[PDB]
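*Asks:* pasting the first chains of the complex, positions unchanged:
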Amino acid sequence: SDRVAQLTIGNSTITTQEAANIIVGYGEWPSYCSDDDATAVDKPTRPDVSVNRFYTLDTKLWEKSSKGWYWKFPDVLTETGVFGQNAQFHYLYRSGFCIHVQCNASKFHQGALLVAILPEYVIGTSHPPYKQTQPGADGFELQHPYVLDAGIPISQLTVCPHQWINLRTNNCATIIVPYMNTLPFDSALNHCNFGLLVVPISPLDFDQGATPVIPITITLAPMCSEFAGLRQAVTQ
Amino acid sequence: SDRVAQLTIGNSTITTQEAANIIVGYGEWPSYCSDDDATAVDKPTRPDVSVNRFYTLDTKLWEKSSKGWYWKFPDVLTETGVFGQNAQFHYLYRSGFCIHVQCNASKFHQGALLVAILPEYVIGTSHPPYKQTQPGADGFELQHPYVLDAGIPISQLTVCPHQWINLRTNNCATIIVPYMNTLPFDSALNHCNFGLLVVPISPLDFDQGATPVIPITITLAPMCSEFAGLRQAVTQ
Amino acid sequence: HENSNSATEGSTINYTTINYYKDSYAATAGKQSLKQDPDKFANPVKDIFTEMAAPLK
C-alpha cells in the first residue's frame, strides 16, 4: 500500500503500480497568497480545475548514451491549455506544481534516473540564447551533465526536491512544489521560478532482444493557480 | 491474503496461490428445500460428504487456435462417484455446485480465459443430438463461440456468474451456484439446470521454447445434495 | 371479497391496482414499489474490496 497510488486533479487521473511514494518540495504544500504578502490590489483569478489539471507534454527516448534533459516550468506549460491563456493574458502569475515523470521497463532492464528540481535554474556556456534558456515544450538537452551546464556539481543536486526511477524497483517519480520567488506574483512569460532535470546516473543497459524503445514521459499539473494584472494577450 | 485460498469439502481439499477470489452465483448460497417449496411428500436423502465432495473429471489442452468448450452440470457428474448413483437410483434431484477451473502457466505466457455459467443452456445448429446436448464427461466443443452455438452474443455473457483466468495475474477461477429451476427438485438424468463455458478471448501466446503443454482442468463439488423418489436404477 | 391469485402473490413489492372482478389477476398492473440490487449481478463476490482498495491483495 505504498507502491500503488493515484493522483486526481481537475478532470485528469494518474495511475502507478511501482511508485516510490510522493515527495513534497521542502515539506510545504502549494498555498495561495496572503492578503499581506500581496501588493497587487485587485482580486486575481483562480480558475482552478480549468488550469489546475494534469498536462502530458513532452516525451524523450532513454538510450545507453543519453546525457540528460531539462525544462523550465513557468514557461513550459504556456501556449498550451487554458493555463497558457491566463499566463499570456495576465501579467502576474502564481502557482505550485505536481510533477510526474513516468518511465517503465521490464524486470530484465536496468537503469537509474535522477529527477530533481532546481529553483532559479540559470545556465552558462558568452551568453546562451532564448531557445536554450526557455525551451518550453520538448525542452532542451544537457551537454555537460557533470556540471549541469552551470558550473555546479551534479553530485550535490540531491540537496533539492528529487527522487529516483530505478527500473529494478520503481517506474515513476512524483514531486510537489509550492510557488517559489522573492515576490508574491511574477510574469511567467519572462521568468522561470525553476527547472526540471532528468539525468541517467546508471546507464540504461539490457541484453539484445528486449524492446530497446524506452520512452520517458513528462506530466505536470498546476496547483492554486492565481493570475492578476489582466491586459492584452502577450507571448514573450 | 486475497490471492491464496483453500476449499475443503467432504474428504477433498483444493489449493491456489494466484486465485482472484470467489464469486457466488447471484449472491446466494446453496440451501436445502423448504417444507413449503417442496411437494414431494417423503424425506429425501442428504448423503452429504459422500456426494458433496470435490470431483476432478475432464481436462483439455489450450492452444493458439482453440475455440472453446462447454459442459452440462446436472448430467456431467452422473455415472461417477456416490453422487452418480443417487442421481440414477432416485428420480428427484437437488443441489448446488462449487466449480474450480484451474489452469496455470509461467510469467512468460499470456492468455485470457472467460469462465461463466449459463442457466438452461440450450443449443442450436435442425436439431442437435444427445451426444451434443448432454456430453457429460469430457464435455463438448464450441464451433461458433461468437454466438455460443445458440445464436446469442458472447460479448454479453458476463451478465452471468463468471470470472477470468488471465495468466498474467491469476491461474484459476472459482464459482459457487445454488440450485436453479422453476421447481424444487428435478431429475438430472434428462434435464441440466445449466452449463459451463470456457472460451479464450485472448489467444494463448508464448515465444517458442516454453513448455507448450498448457492443460485446463475442471473440478467441481456438489453442495446440499438432496434426492427423492427412490426407485430402480436408471441411466437416461 | 376477492381472491388472491395474481402471480405476484406474496410479492415483496407493494402493487396498488384497480380491479372490478372477483379474481385479483384481472386487475391492472398499476403502480409499484421501486427497489433495486445492482450487486446481485455487478458485485456477486464473496468478499468486498471498495474502490480505494486494490482488487487483488
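*Replies:* In hand now; what should we look at? Numbering: from 1, shown residues only, chains lettered A, B, ... in the order given.
*Asks:* residue closest to the middle of chain C?
*Replies:* By CA atoms, centre = their mean, chain C has its centre lying nearest to residue C:13, at 5.4 Å.
*Asks:* quick one: the nearest residue to that one once chain neighbours are set aside from residue C:40, how far?
*Replies:* Using CB to CB, 6 or more residues apart in numbering or on different chains and skipping the chain neighbours, the partner closest in space to residue C:13 is residue C:33 (4.6 Å). Yep, even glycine has a C-beta here, placed from its N, CA and C like the rest. Taking CB to CB, to the nearest Å as the measure, residue C:33 falls 17 Å from residue C:40.
*Asks:* So which of those two has more stuff around it?
*Replies:* Remark: of residue C:33 and residue C:40, residue C:40 carries more neighbours, 13 against 10, as counted by other CB atoms under 10 Å in any protein chain shown.
*Asks:* list the contacts for the more buried one?
*Replies:* B:26, B:27, B:28 (CB atoms under 8 Å, 6 or more residues apart in numbering or on different chains).
*Asks:* Adding secondary structure, neighbour count and distance to residue A:139, write those residues out as CSV.
*Replies:* Output for the contacts of residue C:40, formatted as CSV (DSSP: H, G, I helix; E, B strand; the rest coil; neighbours: other CB atoms under 10 Å in any protein chain shown; distance: CB to CB, whole Å):
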residue, secondary structure, neighbour count, distance to residue A:139
B:26, coil, 17, 55
B:27, coil, 17, 53
B:28, coil, 15, 58
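*Asks:* just checking, the residue nearest to residue C:13 touches residue C:8?
*Replies:* No: using CB atoms under 8 Å, residue C:33 makes no contact with residue C:8, being 11.2 Å away.
*Asks:* residues shared between the contacts of these two?
*Replies:* Common neighbours of residue C:33 and residue C:8 (CB under 8 Å, 6+ apart) are residue C:15.
*Asks:* Chain D next, sequence below:
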Amino acid sequence: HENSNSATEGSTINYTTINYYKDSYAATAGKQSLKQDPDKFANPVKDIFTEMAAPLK
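*Replies:* Chain D goes in next, on the same frame as the chains above:
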C-alpha cells in the same frame, strides 16, 4: 396511488383536476389559481419612480 408526471409538476399554481388513470398527465387541465405579474414585463426597471414622480430626475 398515481404518478407525478404532468409537466406543471412542482408548479406554484394549484390545479384541481380529474384523472381516472395511473399517470397524472392524463388528467384534465381543470381549474387553476389566478396569479399575475405585469411588472416583469411592464416595469422591469431596477429603480421605481411612481406616477406622481418624474421618470427622469
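*Asks:* Correct me if wrong: the residue nearest to the centre of chain C contacts residue C:30.
*Replies:* No: using CB under 8 Å, residue C:13 is not in contact with residue C:30, being 11.0 Å away.
*Asks:* which SS class is residue C:40?
*Replies:* What DSSP: H, G, I helix; E, B strand; the rest coil gives for residue C:40 is helix.
*Asks:* Please report how far the residue nearest to residue A:1 when sequence neighbours are not counted lies from chain D.
*Replies:* Counting by CB to CB, 6+ apart, residue A:1 lies nearest to residue C:54, which is 7.9 Å off, once chain neighbours are set aside. According to CB to the nearest CB, to the nearest Å, residue C:54 and chain D sit 44 Å apart.
*Asks:* what about residue C:54, which helix or strand?
*Replies:* Using DSSP states H and E, residue C:54 sits in no helix or strand.
*Asks:* Equivalent analysis for residue A:115, please.
*Replies:* Per DSSP H and E: strand A:110-119 holds residue A:115.
*Asks:* Go ahead and measure how far that strand is from the middle of the chain.
*Replies:* 11 Å (CA atoms, centre = their mean, to the nearest Å).
*Asks:* And for stretch A:4-14?
*Replies:* For stretch A:4-14, the distance to the chain centre is 17 Å (CA atoms, centre = their mean).
*Asks:* Likewise for stretch A:107-116?
*Replies:* With CA atoms, centre = their mean, you get 18 Å for stretch A:107-116.
*Asks:* who's in contact with that stretch?
*Replies:* A:62, A:99, A:101, A:103, A:105, A:154, A:157-158, A:160-168, A:173, A:175, A:196-207, A:210, A:214, A:216.
*Asks:* Just the endpoints, please. Distance across stretch C:33-44?
*Replies:* Its start and end residues considered, stretch C:33-44 measures 24 Å (CA to CA, to the nearest Å).
*Asks:* following sequence is chain E, place it on the structure:
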Amino acid sequence: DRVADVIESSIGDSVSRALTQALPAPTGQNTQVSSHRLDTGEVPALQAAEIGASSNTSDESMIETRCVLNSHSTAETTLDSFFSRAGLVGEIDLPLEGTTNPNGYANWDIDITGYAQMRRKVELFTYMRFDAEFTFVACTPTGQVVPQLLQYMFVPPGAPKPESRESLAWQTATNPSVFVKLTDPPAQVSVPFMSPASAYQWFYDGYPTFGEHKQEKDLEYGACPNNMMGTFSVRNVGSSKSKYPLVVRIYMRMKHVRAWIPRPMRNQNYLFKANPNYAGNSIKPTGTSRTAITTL
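*Replies:* Take a look at chain E, now in place beside the chains above:
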C-alpha cells in the same frame, strides 16, 4: 445420545444466505462534490475484472466533480413498466379459398415464439411468472369490417379439440369461450399464471420424454411441457360457409411480471419456433463494423 456430528451439521437450511439486499431507488444516484486527491495506497481506478465484478469506481474519485440532484425517476425501467405493452404474438387465417384453413374453423397452438418483436424482449430472461391480457383483432385481408360472428374457445391440454366447424366441442359447457362480432371492439381478456411450474421457462436444457433420445427424437430437446398451455380454437357460428375471408390477429400484454435469470440478447435471426437454431451458413456480427479501430 448425540454423535455431535448430527448436532453441528447445518444440513437442512431452507434459508438462503443472500448477502445482498434490495434497496429503494426512485431517483438515480445523486452526484456529490469532489476535490482533488493525491496519495499512495488509494487506487479507485485500478481494478481487476479478472474477479468477475463490475468496477465500483465512482466519478468523484476520478475527477473533481460538482454536486447534482438526480431527479430522474427509474419507474419506467421496471419489469411491468416494460413488458406490460400489447404486442403481436398470434395470427390466424380463415380464408374462403385455399388449403390452409378450409371448413371454416382453425386450431392455433398456444405459443408466442412465432414473432420477433415480442420474442426478442421476453427471451432476455430465463424464467418468468406473470398474468396477461389478450386482445383479438379480427378483420379481412384488406381492412374491411364485416358483420360476421365468431367464437373463440380455449382448449386446455387434455381437453377435446374441435375437429370441424360444427364439432361437438364447441358447446363449451366447461371450457371458456367468447362470442364477438367484427363490428364490436376487440376482445378484452385477462389470463392468470397457469402452469405446473412456478414460472414459465424460456429455455429448457433437457428432454421431456426420459427415454432413449434417439436422433429421430432429437425433435424434443428443448420442449418443456410447462409451457404447453394447450390450443386456441376459432370459427364462424354457422352450418354453412363463412361468406367472408377473415384474418384474426392476437395481441398480448403482461400484468404482474416476475422475471428471474437474465441472459444475453439475441444475436442472430430466429428461424424456428421454440428453437434457438440459427443461420449457421451465414453469421453476422453483433453490430456495425468499421474500416479501422483507429478511424471513425
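*Asks:* can you check the nearest residue to residue A:1 again with chain E included?
*Replies:* residue E:41 (3.8 Å).
*Asks:* Distance of that neighbour relative to chain B?
*Replies:* 15 Å.
*Asks:* quick one: contacts for the residue nearest to the centre of chain C?
*Replies:* Counted by CB under 8 Å, 6+ apart, residue C:13 has contacts C:32, C:33, C:35.
*Asks:* Show me which residues of the strand holding residue A:115 are buried.
*Replies:* A:111, A:112, A:113, A:114, A:115, A:116, A:117, A:118 (16 or more other CB atoms under 10 Å in any protein chain shown).
*Asks:* where does chain C come near chain E, residue by residue?
*Replies:* When proximity is defined as CB under 8 Å from any CB of the partner chain, chain C approaches chain E at C:5-8, C:11-12, C:15, C:21, C:23, C:25-29, C:32-37, C:39-46, C:49-56.
*Asks:* Out of the residues you listed, which end up buried?
*Replies:* In those, the ones that pass as buried (16+ other CB under 10 Å) are C:6-8, C:15, C:25-29, C:32, C:34, C:39-41, C:43-45, C:49, C:51, C:53-56.
*Asks:* before we move on, the earlier item: now the contacts of residue C:13 in a markdown table, with secondary structure and distance to residue A:141?
*Replies:* Formatted as a markdown table, the contacts of residue C:13 follow (DSSP: H, G, I helix; E, B strand; the rest coil; distance: CB to CB, whole Å):
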| residue | secondary structure | distance to residue A:141 |
| --- | --- | --- |
| C:32 | coil | 69 |
| C:33 | coil | 68 |
| C:35 | strand | 63 |
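*Asks:* Now tabulate those residues in CSV and tack on distance to chain D.
*Replies:* CSV is the format used below for these (distance: CB to the nearest CB, whole Å):
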residue, distance to chain D
C:32, 10
C:33, 10
C:35, 16
